[PDB]
Every structure is written in C-alpha cells, then in structure tokens.
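Before any comments, here is the structure.
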Amino acid sequence: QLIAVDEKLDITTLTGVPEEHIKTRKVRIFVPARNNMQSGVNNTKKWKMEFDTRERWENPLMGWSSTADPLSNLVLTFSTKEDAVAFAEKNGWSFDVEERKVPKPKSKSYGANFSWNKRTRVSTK
Amino acid sequence: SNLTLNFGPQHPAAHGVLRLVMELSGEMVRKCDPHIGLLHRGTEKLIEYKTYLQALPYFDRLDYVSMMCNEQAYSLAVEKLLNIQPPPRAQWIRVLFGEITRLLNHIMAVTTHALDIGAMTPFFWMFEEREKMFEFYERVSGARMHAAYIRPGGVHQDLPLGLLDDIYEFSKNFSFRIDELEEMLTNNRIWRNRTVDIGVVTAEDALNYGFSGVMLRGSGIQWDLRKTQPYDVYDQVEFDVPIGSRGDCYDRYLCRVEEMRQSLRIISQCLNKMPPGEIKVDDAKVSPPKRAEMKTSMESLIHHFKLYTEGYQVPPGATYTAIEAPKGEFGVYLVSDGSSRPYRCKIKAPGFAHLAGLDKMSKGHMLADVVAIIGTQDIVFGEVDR
Amino acid sequence: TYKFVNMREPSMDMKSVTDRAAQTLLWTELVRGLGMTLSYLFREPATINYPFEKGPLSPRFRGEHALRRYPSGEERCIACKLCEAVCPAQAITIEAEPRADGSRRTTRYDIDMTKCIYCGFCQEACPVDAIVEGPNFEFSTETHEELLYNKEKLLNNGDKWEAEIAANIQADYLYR
Amino acid sequence: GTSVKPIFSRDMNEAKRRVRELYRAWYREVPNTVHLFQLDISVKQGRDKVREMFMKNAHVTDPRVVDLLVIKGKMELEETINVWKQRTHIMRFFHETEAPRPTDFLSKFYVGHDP
Amino acid sequence: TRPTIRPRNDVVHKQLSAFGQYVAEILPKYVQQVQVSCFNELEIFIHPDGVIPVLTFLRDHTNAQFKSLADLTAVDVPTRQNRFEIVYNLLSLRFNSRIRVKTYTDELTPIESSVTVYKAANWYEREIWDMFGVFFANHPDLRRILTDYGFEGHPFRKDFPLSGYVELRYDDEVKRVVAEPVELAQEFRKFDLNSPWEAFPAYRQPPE
Amino acid sequence: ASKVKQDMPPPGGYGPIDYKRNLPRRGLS
Amino acid sequence: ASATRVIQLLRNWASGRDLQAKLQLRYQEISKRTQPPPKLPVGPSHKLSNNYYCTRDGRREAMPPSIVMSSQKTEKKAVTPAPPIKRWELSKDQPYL
Amino acid sequence: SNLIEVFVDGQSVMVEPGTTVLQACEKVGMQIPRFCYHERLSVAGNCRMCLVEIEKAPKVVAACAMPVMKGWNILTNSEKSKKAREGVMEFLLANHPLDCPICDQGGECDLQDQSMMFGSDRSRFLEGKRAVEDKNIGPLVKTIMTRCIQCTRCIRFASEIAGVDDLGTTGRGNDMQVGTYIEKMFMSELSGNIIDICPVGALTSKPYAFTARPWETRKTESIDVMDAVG
Amino acid sequence: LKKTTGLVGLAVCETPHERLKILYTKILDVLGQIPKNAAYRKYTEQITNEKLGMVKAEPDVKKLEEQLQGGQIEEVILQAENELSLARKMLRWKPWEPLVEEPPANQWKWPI
Amino acid sequence: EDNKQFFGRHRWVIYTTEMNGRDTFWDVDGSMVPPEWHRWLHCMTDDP
Ligand code: SF4
Ligand code: SF4
Ligand code: SF4
Ligand code: SF4
Ligand code: FES
Ligand SMILES: [Mg+2]
C-alpha cells in the first residue's frame, strides 16, 4: 500500500549509462540567449539542459568531423529550472545553473526625438 | 522433454529475419515463441529527429511490400494535424495508387504463401504483373518501390501524359492472370488439404487479440475501414467486401483473391472519374510552390527556402489515424508540440498483433501447418520491428 | 455491401454425385492444373536479353548524382546548402568560401552514396538545378571507399552525363 | 508518507532476500552455461564475474530500485538458461577486446583532453 | 475557407462530448479529465489505479463496446514529475467509434497489466518495457522484445542518445562479434530549425 | 494562351474492365 | 504474338480460354515514350483580388481541444458514442461466390 | 500607484504612463511584428509593420510609437491587424531581390520569418524590380544595398550609439538610398554591430561571407577576453 | 430454424427469448445491490429494462433482431453475458466513489 | 530495333569488341553505352 521510502531518488543503475558518462559529465541548465541576428523572442521561453563539449577530430578519409562521445547532440527541454534540476539530480549528473536573463523594461518616447533643450534630439530621420 | 528448434532467421519460410523458437514433441508443435527485433532500426527515434517532410521516406520502408499505402496513412495524419485538405485530383490519384498497391501486396502475399506451401509456378507468373506495376510506380515518381509520391499536402507531381491509358491496358488484362492463379490453386485438392481447417481462429478471439483486416473478415466479421470510416474518396466508389465462413487459411486466401478483383473494380472506377485541377494544396506555407514561381516570385522563393530548410510547423496536438492497408489496419499516433519536427510518432502495424496471436493460432498443428499459418498471416517484418 | 466466398453447398442429385466420384477417382482438377501449366509452356517467355537489352525507364528516374554547369561552363551550385538541410539521411557535406573572383562557391561537396537513400529531395530543394540525380544506375564498386563522392567526382559525373541529363530535364521540367 | 507503492518488496529485508535468491540461481547456472556455450573461461572465472556484476551496484538503498535490478537479473538469467543469448552476448561481460583505459592523472593528460 | 481548409463536423463533436460526459459520470473514482479534440477525437485522462476497471467497462458495457485494442504506447516527457504517459486506443465496431485513454507513471511505479482485458496488450506492454522501462505488474511473460540480448538502457527515452553507447564489429583475434564504445566517423550534425517568431497565437501560454 | 493539357481519360469513358471469375466447365459427365 | 497457329490452338485447348484475346506481353498498345508537353492548371487560390491569406489559413483555425468534465473545476437518458452501425446488404451484383 | 489599466485582447494589465502599445502587448507575452523598432534605439515608425487595431477605433495605430491610453483594448489578432500586416509585408517584398540562396541571412532573416508568419504566400507584383549600386564602408561590413528595406536602423545606431554621423539617406520616394554619399569608410570601435541590428542581408559580415548557414552552427555561451570589460 | 449464424465460434441459440429474459433478470438482480445514487446502476437499469421490454413484446426472432439493433441475436445474448459479468466486477470495484487522487499540477499540460 | 517484338525486346545493342583500352570480345557490360544511346536504349525516348 505505502512503504514510505525515505531515500533520495536515484535511477543511475537502471538507465544503462556507463559510469564514465555519469561521474565525469557536467551538464548545463540555462535559458538560451536570443540570436542577435533576429528580434523574435520565441526561442527564449523554455529551459534547456546540455552537456559539456568533448573532442572532435578530422577523420583521415574525406576529412569529416568525428567524435567519440555519445551525448554530444543531447539537448533536453524543461518548463522550469526546478524540473531540470530534479532530472539532473535523479540521473546522477552534476549541473551548473544560470538564472534567466530578462531584458529590463525601457522608457521609449517618440517626442524625445524633437527635444527643445535636451541632447536626445535627433539630427535626421 | 520437447525438442527445441530455431525457425529462422536464415530460413526460406522465415519470411525475412524472424527467429521462431518452437517446442516440438515429434513434428507436433507444443509452443511457438517468436523472437523479433532482428530488423528493428529504431525508426521512431529517428523520426523524432527529423522534420515532417524528412520523415516521410521512413514510412514507405515500414512495410516495403505496399509502400504507397504507408505514405498515405502518414499523410492523412499530418493533414489532420494541419487542418488542411488535399485537392480532389490528389485524392483520386491517392486512391488509384492505393488500389494498385493493394494489388501488389496481395500478389506478393498469395504467391509467397503458395511458394511456402510448395506451389512454385504461381509466383513466377504474377511477378511479371508486379514488374509492370513497378513500371507504373517508376513512371509516376522515378523510383520503382520507394516513390515517396504521396505527400502531406497531396502528391508531388502530376501524372505523365500517357499513364492512365497504360493503367487501363494493364487492368483490362489482369483478370485473366487472376483466373489462371485460381485455376492452379482454388479447386486443387492438395491445396485444400494444406489450407482447409488450418489455423482456425474464432471471431471473439480474433477481436480480443487485436486482429484486423482479412484476419477479421475470414472469421465472418463484417468490418472494413474503407466502408465504415472512409478517408479520401472511398465513399464515391463502389465495391464489395469478401467475408469468410470458416476462419481457416483457405477462407483468407479466397478473401484475398476476391479483394484483388474488387480492387480492379475500384481501379476502373478511378480511371473513369479522375477530375482535373491541381495536385497539392494551394497553400505555399505547407506545400512547396512550383519551380517556375520560385524563380520569379519573391514570396515563392522565401516559402520554398523555409519549407526545404526548416519545414512547416504543425499546431500542437495528438492524433491516431488509421487506414485499411492491404495487410490490415495500419495506424499512426502522431504527437506534435508546435515545432517543425514531430514530438512522437508511434506506428501501429497489424503484423504485430497477428504475429502475437500466431502462438494461439498454431495449437494442435504440425510443422508444415505452422509454415502455412505463418504464410497466411501476411507478415512483413519491417513493419513488425520498426 | 459484402459477398460470401465459401458459402455454397453442392447438389446431391445422382448425376452430380457420380460426377464428383469420377472427379475423385480420376483426378480431373489435377489434369486441369497440368493443362494450365502445359499452356504456359508454349507461350513466349517474358525474359529480356540483358545486358544487350534494358528494362524501360522514365525521365523522372533517380540514379547516380551529378553536379551541372551553365552553358558558359560556370558551375550552377552557389553553396546555399539547401540540399544538405533537406537530406533525410544527412548524406551531403558542404563547405564554402568566396572564390578568387568573389563568387559564392563550394570548396567541399561530399555525398556518401552509402548513406544516401536516393529519394531525390536534394534536386527538389535546389533552386538553380545544380544537383541532380542522373539516369545511370550501373555504378557498382569493388570497395566501400569508391562510393564516397567528393566534388571532383560529382563534377566529372555531370560532365559525363550532361548530354542526357539536360534532355531528361527538358522532358519533365514542365511537371515541376 | 510520500504516497509511494512497492513493486515486490515492502522493506529492505525482502529485497535482500530476493537478491540472495537471484545470486543462488546465477551461481548454480554458471557451470551449465560454461558447458553449453563452450566458453574458454573457467567456472571460477564465471562465478567471480557474477559476484563482480552483483557488487557493481551494491550501494543501492532504495527497495524499489533493488526490486527492478532483481527483475532485470531474472531476465538475463532466463535469457542465458534458454540459450537465447549467444557466445558473444555472454563474453560481452568480460570486455576481452578493449584496451585498459588508464585511471591516473598523468596518463590521461598524456593521452588526450578527456578527463 | 472552402477549398483548402479541412471541413468541421459538429454532429460527431456533440456525440463524442456527450459520451465523454456519460463515461465520466459512470466512473468518477478514476476519471480525471475528458477532452474532445477539434478533429473529433475523444480522450479520457484517468488515474493509474483505474486502468483495469475503466478499460473493462469500456470493453463490456452495452452502451460502450470497445472490443478492439488498436494501439498501446507510452510518451516520454522529462519535465513532468510522472515521466511516462501511457496511451490506450480502443475501437468500437458496434458503434463505429474510437476512444483514447491516458494515464501516467514514473520510472519506479508499476502499472497493472491489462492482458486479462485485452490479449493484444501482451506484446504491446512488453514493447513499452523494452523501450521506456515501465514495469507492468502482473504480466505473464515480461521481457525484452525489440532490443538486442543483454542490451542495457531503454532507447525510446529522451535522455538516451540517438546512436546509443556501444557498437558491434567482428574481431578476428577472438573470432566473434564484440561490442565496443561507439565512435562515429562523422558525427550526427544537429540542426537548430526552430523559428524565433510565434507561429500559432491560439496556443500561447500565459507568461505567469 | 494555349489550352490546358493534362492526363485525363478520353472523352466519354474507358472500355469496360472484366473482374468477375471466369472458370469454365470443360468436362464430360 | 508470332506463334504458329497450331501452337495457338494447342495453347487455347490446354488453358481452356482464348489467350490471343488477352496477352500478358505488351506489343504496340502502350503509350509512346515521347509525349507532348503539358500545361498543368494552377489552382483555386491563384486569384489576384479576393485572395487575402487570413481568409484561407487552415493552420490558424486549429484550436486546443474542448475541455469537458475537468476534475479540478431528471431524465438523463443513456447515450452511445455513436448510433449503432447498420447491417450490410448482400451485394446485388454477386452475393455468393 | 500611477499605473493605468489597458487591455490586450481583452486581458487586463497595469502599465506605467507613457508605455507604448508594443510594450503593453509584450507584457502579456505577445510580440508585435517589427522591422524598424529597436528597444535600444530611438523610435522611427517608418517600416509600418507594427500596425494594430484598437477597439472602437477606425484607424490602425503604430504600436511602436503610440502610448497606450486608459481603457484601450488592443486587438492584436483582429482581421484589420492581419490585413495591415499582409499589405505591409507585400509592399516590403515588392522590390526585394530574389537572393535568399546567395544571401548570408538565410536562416536568420526577420524578413523571411515574418513573411512566413504574418505575410501572404503569393505575389501579384508583375512589374520589374529596382536595383541600386553597392556602397563600400570598409573591410568589415559588406553592403548589398538592393536588399535594404530602408528601416534606418543603422543610421540611428551610428548617430546615437556609435556617435559618428557618417550614415544617412539620399534621394526620396522609391529612389531613396541609405549610405554615405561619398567614398567614406564607416570605421568605429563599434562598427560591426550594424551587421546585427540590420534585419536583412543588406549589411553582412565580410570575414564570415559564405562560410556557414545558421541552422548548422552550434552555439556556446562564453566570455570575451580581448579586453577587461568581459 | 436458422443455421450458420455467420461468426466462427458463435453457436446458434435455440429458444433465445428465454435465455435473454433470464440474463436480463439476472443483470437487474445484480444491479439491485448497487447504491441507487450510482450513475452506472441507473443507466444500465434503464437500458436493460428497455431491452427486456422489447424482448417481451416481440415473438418473431427477425423482428426482435431488427428492433434491438443488436446485430445477430446470439451476439445480443453474448453482450448480455458480458454486461452481467461487468456488473459483478463493478459491484466489487465500487467506482461511484469520489476521485482517488488529483493529478500533479502540470501533469496533463501540452505542449510541454 | 524491331518493333514487332514485345516491349523490352524491341531495342538492343551489339557491343564493340574493343573499347578504349581493353579487349571486349567476351567481357561486355552495360556501362559502355554512351549517354545519348543510353537514353534511347532504356526507352526513355522515342528518338535516337
Ligand atoms: S537523394 Fe535524398 S538521401 Fe540522397 S543525397 Fe539527395 S536528399 Fe540526400
Ligand atoms: S547543390 Fe543546389 S541546393 Fe545544394 S548547395 Fe548547391 S545550389 Fe544549394
Ligand atoms: S535579406 Fe532575407 S529575404 Fe532578402 S534575400 Fe536575404 S535571406 Fe532572402
Ligand atoms: S542597411 Fe539594414 S539597417 Fe540600414 S536601413 Fe537598410 S535594412 Fe535598415
Ligand atoms: S516597428 Fe512600428 S512602424 Fe516600424
Ligand atoms: Mg544584417
């Protein structure tokens, strides 16, 4: 009915991950920064979890880019920072978290472009 | 102790890569345990990693015997999630090529089953017709079997100017080939001894076990998705649904032959009723514009760029869409999260349930009876393993 | 609407019973099957004399890939990387830089023919008819490495097959 | 509290009992596996490999995780008994074709950028 | 609005809503939510303890005879506390209808196996266990079905890498096929295709 | 300003297509 | 084809049908491998005037599913998911095969 | 306090006086389409893309430059707003060159994305497009001025942020060109930023030309070391 | 009077009216043990009373078959047996009780 | 060509006995047809 387990959640032994990719990896939990080439903000809504970058080398034939770690393309998406922290904790990964960078509200005024005595007056349109 | 034997993967009657572990007393079968996953390529995760257009090619491959039907099922799901609608000519082309695909699958299923039973000649006779239908596929799309012709907005290209006439020429003669097959197989007493009262499944058990398609219709259940839940233009064509009475291999074989005849009927109706117009939905935000407009119009170039780089977004939601594929009810449960890549794509293939019920189907039978029962279930392992 | 396939009973009049007994004792239907096989024996076989004869194809056929040129000799490819982005198999690898004369051209255009699925999406996505799937299909190799095409191999393929590729495009570009 | 429901074992003791049952089963099966699969290892090698695999996750203190581990162990044992596994699957426990990765700082520094 | 837009069907929407209300009234102990999607698909979100009752009702009630189990799958959503979402799709031949049942579970909580209600689930549940790690309590024969023998991990998991962890090759020294850590000659190239502009205003979430 | 040319069935219709089974008697008593 | 008439008679008697009427091999009744160019009509939304996209936007009319019976929040006849399916008719074309 | 109550699609929010319609809308999560408005530059109001309908008001307003009045109900998804956005997008694409395959702004174009989201999908423009000659402003910023949409973002950035007044507009009507009017290099320690603010491929990076497409690149967040500002 | 009902494993039932009456009476008796406020009891009692009334008022098997909309009266008997078994199971389960547990805060929220 | 034969057997090629550098009396292959005759021979067109 209810055993009332009093242990911290830990599923590292059930996931089939080699211990090299559990004790050595360092995950990064963050809200991605806006692409400065565009003005849309729709890619800065959800939290993301990624892994540290590992070695990439040039494969002798065709000069392609080879890698040896399996978690190089793994990016997870979460609604909240607490959810990502819980996932990383229960999966055994050590994480670093960065707080969300929200742009502060500005004070825009069209009339300031034509100020009578202030420096904000524009010299062209 | 019962002798344990491995049937497949490298076996003539294993139908590809199926490992069957069977416990035999003598040649009696005590228990069949199918081992699958020898053709599991992780299609669903890969689909999760592609766009909606990029994932279309995977669908033909799930069942490589009736490739066009698979794309249509997927296309219907994406269209339902998109809340758009293909033009009438696209739908008529879809149904025509679906009937051609049903013909291909039935010929393959019936002939291979006969080959396993030991009747070699029928397979050779009908694969020339299969070659002609592959010619039709290649003419319409450029590939003999992996056309990727049916898209989630309609079809890719219009038919070449001399295709309907050739389809008519083939259809007006296919009946005699069917008749020769039936002459060699239907009334033969060896065939009846091999197939009658072998693998009998009751209607209630067939329903509970998840069977669909002929495996239902062979037990007397009056069910067909083209009649009860029609999708493209199937409510505008007339055909009959063959119904069995005994539930054995012989009834299912007769049902498949009659299904080929009815699909010839539907092909005739589609040939006579093909309408004019465009071939894909006239919405450049879903289907790519013509190559002539992409090179002259700025909006067309922008939409072509964004469709072939990012792909169209699909509004968030989950659907389960099923069609009456030649092997049974073929379904897809598609989950979208508002992105241009599907969040989840579960594929339901009737071969899964049929192979699951094979063990119940082969109770009290011999080894050759088990070979026959494997043949009669119309199993392809690309759709079983995914 | 539906029909039955195995719901007929035989008549039990003495003539029909005797006919059925004659069929059982004399193997009439087996003789009919033998006759059908014998009839197929005296027909003309549907076999073609490969390699001296070839099966039919169409202008839309997808075969070996090729990179095309303009009539002046300039390459059509501009390194827009649309084919690489659309490839379902991730078989295309592209690297580009400004040329010595300032043109936007590739320095690397690699196609893995063993990753490729020959779907033709690349020639659909291309906006300048640069990359095409040609008509050739007899290009089997004795080693895996020979199926890893670089830019030089694809350009040689284009130079070799242009005379037919242009005709095939001319016969089908109105359907696209 | 926590409103959690068990799989098989209510407490730690039942989980340990199931673990010991699984250990007995594997210990019994090892010689038959060595004979049937025609392995080139000794019975002692197989048994101490079983012990090592059991001890690899001896730090678990959650009865539910222990129950799931025992279930997976039963799955593997049933696969080995019925000869569903092949010789390659059995020898994949020994890593006979893998070079021993160094564990000290200096060798890792010499080899590459991977810590 | 006519040519390219999919047409709506109000009658089926009303029928499905009425039947969802009927089912929710009949089984208040387990039913948590009912939805009817705009393409006329009926979904019922229930509590994990009600998998056997609800399904049994939906299979046996005279007004709701769903004798066919079309599909049974799971969906992985890492951000939820209960990670996995179990989905049952049922088809009623008598009333020519389809219904969906949804429930939830985590990595360690088992779910009652529905082999007594539907034989078809027998393999389906196995598949779930193979690819998601969800344990089904009273399954007569639960084991891997699709993955390789002695395959560790559950591939259809969001944290599982696409190419896995091990790859196979024949080694001549030992004269067998061996598994070694995966090493790709060309790494899978990750594409960031998401547009930075909102596409559908109707699905906008409140910014809290 | 040319007309629209497309793959269409010929005016009227296509000829009838036989699909029913044709198994003669072809035997003595 | 080109078979001798005696061989034709032998084939017709052996098969029981007239093979000369329907041959599996194609000789000259197929379409020519070269065809005239097509014209391929445009479509419904190729108008210049009454063609604002917001009036033909299928993706933007999709809305989230209707929520009935949220748990958080008299006759009452029993209902079915749909009216019962009707019995199929027995194929006036060919009822028994 | 002194906050006023306004409505976005019938949803109540309280905003400071002097807040424009765009900021009030973005306080509820809705991003108004824009081309010439940059929150760190002075308001321009010329691209005309941010037009929205106020309830009971017959004329659409420029959301980037119109302060909200108390009680206004902004209708960001009304028929009038969508028609205004479609018309403005069509006018913007009337003279734009078909350069997307050769433009370095392929997957990062605000013009492309906003055409895909708020514009139409066809063209009824049967005339011939305009072409303007290219300018040379140094070895860092590459200019292809046919792609310009005359948003005057670079001019405002140079005037206010960079502090040099080299950039401007010459001519008028259709024949209005953004440039320097003389062979002058726009050289400044902040000269490169005009590449980022420019929403189209009119101004691009010259060292970066033709090397990559944005969907290919992996982005890693890091810290500058070239000075002590970090 | 009728042979070969059509479905495999379904046996043609002689005297089907008596069997149907017995099954419906048994269903009603089982439902009598369920609390009156339970919606399941009232709904299935209403449908069972309607079906029993239609069974009592039609002696012809074909006319009853058409009126029932039950699809091959043997199937009606099978459905009655299924409903009786479900009624016993539901009497054991007691699903008319209030909701056992409320889901977590964002369990069913999609997208993400 | 011989139009009296059925489709697939109405067009054929007799290969040369000596290609660029190798003797080809016995070892012929289908890759020796040049592209124009390749298009004609595969029934991709009606014109040589
Ligand atoms: S044919 Fe398809 S798989 Fe092959 S390179 Fe082109 S896009 Fe990629
Ligand atoms: S081949 Fe075509 S699509 Fe590919 S990069 Fe070159 S121009 Fe672009
Ligand atoms: S600026 Fe944008 S729309 Fe213009 S050509 Fe470049 S990518 Fe295309
Ligand atoms: S160059 Fe760019 S930033 Fe400057 S006015 Fe033109 S589009 Fe705007
Ligand atoms: S953003 Fe408001 S007019 Fe330009
Ligand atoms: Mg720019």
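How things are named: the first chain in the structure tokens is A, the next is B, and so on; residues count from 1 in each chain; ligands count from 1 in the order shown.
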
(Q) When you look at range 188-192 of chain H with a cut-off of 7 Å (counting only C-alpha atoms), what residues show up, excluding the ones that are within fewer than 2 positions of it in the same chain? I need them as a count of residues only. (A) 6

Q.
Could you list, as a ChimeraX atom specification, all protein and nucleic acid residues with an atom at most 9 Å from ligand 3, counting only C-alpha atoms and all ligand atoms?
A. /B:298-299,301-302,305 /H:93,96-113,115,146-148,199-202

Hey, which bits of range 5-59 of chain C sit within 12 Å of range 137-153 of chain C, and for each residue what's the closest pair of atoms and how far apart in Å (one decimal), counting only C-alpha atoms, rows by chain and increasing number, as CSV?
residue,atom,partner,partner_atom,distance
C:51,CA,C:138,CA,11.0
C:54,CA,C:138,CA,11.6
C:55,CA,C:137,CA,11.9
C:57,CA,C:137,CA,11.0

Can you spit out the residues from that selection as a PDB file, in the first residue's frame, using N, CA, C and O atoms?
ATOM      1  N   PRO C  51      22.781  -8.168 -70.852  1.00  0.00           N
ATOM      2  CA  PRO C  51      22.830  -6.702 -70.895  1.00  0.00           C
ATOM      3  C   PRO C  51      22.592  -6.111 -72.278  1.00  0.00           C
ATOM      4  O   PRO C  51      22.710  -4.906 -72.464  1.00  0.00           O
ATOM      5  N   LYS C  54      17.604  -3.626 -72.201  1.00  0.00           N
ATOM      6  CA  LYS C  54      17.406  -2.987 -70.912  1.00  0.00           C
ATOM      7  C   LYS C  54      15.923  -2.777 -70.646  1.00  0.00           C
ATOM      8  O   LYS C  54      15.136  -2.546 -71.567  1.00  0.00           O
ATOM      9  N   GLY C  55      15.552  -2.857 -69.373  1.00  0.00           N
ATOM     10  CA  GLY C  55      14.206  -2.561 -68.956  1.00  0.00           C
ATOM     11  C   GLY C  55      13.885  -1.093 -69.134  1.00  0.00           C
ATOM     12  O   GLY C  55      14.767  -0.231 -69.085  1.00  0.00           O
ATOM     13  N   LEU C  57      12.714   2.760 -68.626  1.00  0.00           N
ATOM     14  CA  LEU C  57      12.784   3.757 -67.565  1.00  0.00           C
ATOM     15  C   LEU C  57      12.005   5.001 -67.972  1.00  0.00           C
ATOM     16  O   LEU C  57      11.352   5.010 -69.020  1.00  0.00           O
TER      17      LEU C  57
END

**Q.** Test item: residues lying within 10 Å of ligand 2 with only C-alpha atoms and all ligand atoms, as a count of residues only
**A.** 41

With a cut-off of 9 Å, could you pull out the residues of chain G touching chain E and give me the nearest pair of atoms for each, distance in Å to one decimal, using only C-alpha atoms, ordered by chain and ascending number, as CSV?
residue,atom,partner,partner_atom,distance
G:44,CA,E:3,CA,7.2
G:45,CA,E:3,CA,8.5
G:55,CA,E:1,CA,6.1
G:56,CA,E:1,CA,5.0
G:57,CA,E:5,CA,7.2
G:58,CA,E:5,CA,4.9
G:59,CA,E:200,CA,7.9
G:60,CA,E:200,CA,6.3
G:61,CA,E:202,CA,8.5
G:62,CA,E:38,CA,7.2
G:63,CA,E:202,CA,6.1
G:64,CA,E:203,CA,7.0
G:65,CA,E:37,CA,4.0
G:66,CA,E:36,CA,5.3
G:67,CA,E:35,CA,4.9
G:68,CA,E:34,CA,5.5
G:69,CA,E:34,CA,5.7
G:70,CA,E:33,CA,5.0
G:71,CA,E:32,CA,5.3
G:72,CA,E:32,CA,8.3
G:78,CA,E:22,CA,7.4
G:79,CA,E:19,CA,6.2
G:80,CA,E:63,CA,5.1
G:81,CA,E:19,CA,5.1
G:82,CA,E:95,CA,5.3
G:83,CA,E:95,CA,6.0
G:84,CA,E:95,CA,4.6
G:85,CA,E:95,CA,5.6

May I have the residues from that selection written out with C-alpha atoms, as a tab-separated table (two decimals), in the first residue's frame?
chain	number	residue	atom	x	y	z
G	44	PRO	CA	-8.14	27.78	-56.64
G	45	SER	CA	-6.15	30.47	-54.81
G	55	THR	CA	-9.30	34.01	-45.05
G	56	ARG	CA	-7.76	30.71	-46.23
G	57	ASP	CA	-5.39	29.86	-43.36
G	58	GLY	CA	-6.09	26.29	-42.29
G	59	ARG	CA	-3.32	26.10	-39.70
G	60	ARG	CA	-4.61	29.16	-37.83
G	61	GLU	CA	-8.15	27.82	-37.33
G	62	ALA	CA	-6.91	24.89	-35.25
G	63	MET	CA	-7.62	25.49	-31.56
G	64	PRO	CA	-6.91	23.49	-28.41
G	65	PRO	CA	-9.26	20.61	-27.59
G	66	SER	CA	-12.54	21.32	-25.83
G	67	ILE	CA	-12.36	20.55	-22.11
G	68	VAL	CA	-15.47	18.93	-20.62
G	69	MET	CA	-15.52	17.49	-17.08
G	70	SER	CA	-12.41	18.95	-15.53
G	71	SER	CA	-11.92	17.35	-12.12
G	72	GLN	CA	-10.35	20.43	-10.52
G	78	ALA	CA	-28.16	6.88	-21.56
G	79	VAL	CA	-26.09	7.61	-24.67
G	80	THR	CA	-23.75	5.74	-27.01
G	81	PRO	CA	-20.58	7.13	-28.64
G	82	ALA	CA	-22.43	6.97	-31.97
G	83	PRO	CA	-25.63	5.49	-33.39
G	84	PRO	CA	-25.30	1.74	-33.94
G	85	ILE	CA	-23.83	0.71	-37.28

(Q) Based on only C-alpha atoms, which of the residues in chain A come within 12 Å of chain I? I want them as JSON, numbers by chain. (A) {"A": [45, 46, 47, 76, 77, 78, 79, 80, 83]}

Could you save the residues just selected, with C-alpha atoms, as a compact mmCIF listing (two decimals), in the first residue's frame?
# COMPACT_ATOMS: atom_id res chain seq x y z
CA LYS A 45 10.90 30.65 -23.33
CA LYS A 46 11.91 27.18 -22.10
CA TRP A 47 14.85 25.92 -20.07
CA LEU A 76 16.66 18.35 -23.21
CA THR A 77 13.85 20.86 -22.76
CA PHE A 78 12.12 21.69 -19.47
CA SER A 79 9.38 24.09 -18.41
CA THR A 80 11.05 25.21 -15.17
CA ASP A 83 12.28 20.38 -13.12
